[PDB]
């Protein structure tokens, strides 16, 4: 699937992995953007040459000040696009991320400033994710816990707060989550599970569903 801008999508994938608390290896970029290991290293090398990132001792990718700034501007465009598509245009909830993943690469700062006024200074995306870099354009979340860790700790009732970009990429799953009512601002019951890499059962208001470990890891909640 066409990235529109390869560089900006590498920067944003690193930013997504950080938000999800995943070590940003080149193998993560490879599996997410569906490219060969060589392509990723070759592209990561061009971005190191341009001075947007560096490779650390344990081979995890670190953003430079210019790289982080650029990564933030892309993520800001993405989430303002999602707000516009949901609040104003009225695009279906499950289709909004895929549209915004293209729009993020063509939106000027001039449109961003106009969208901030139109949308009334929004601070979160329609999937509960904070909108960064609003200061550059012109809340404590330390209590939030991941559905997998909650389940491994005995489960219980919790309020859905965030669905990460990773989960948004699968429109079928997002349609399923909306149906059963695993959406931001709704309460869910997380059933307990032992060990790791195990499917996690969750009961929403309208029904129940299973979340894969990497999915459940990317859904942040506030426990009762």
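Residue numbers count along the first chain shown, from 1.
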What size is the break between residue 138 and residue 139 in terms of deposited sequence residues left without coordinates: none, 1 to 3, 4 to 9, or 10 or more? 4 to 9
Higher of the two mean Cα B-factors (162-170, 63-71; per PDB record) comes from 63-71
Going by the mean C-alpha B-factor recorded in the entry, which is higher: 196-204 or 11-19? 196-204
In terms of CA temperature factor as recorded, identify the highest of 96, 89, 131, 151. 151
By its CA B factor, does residue 121 count among the lowest, middle or highest third of the modelled residues in the chain? middle
In terms of the CA temperature factor given in the entry, to which third of its chain does residue 29 belong: lowest, middle or highest? lowest
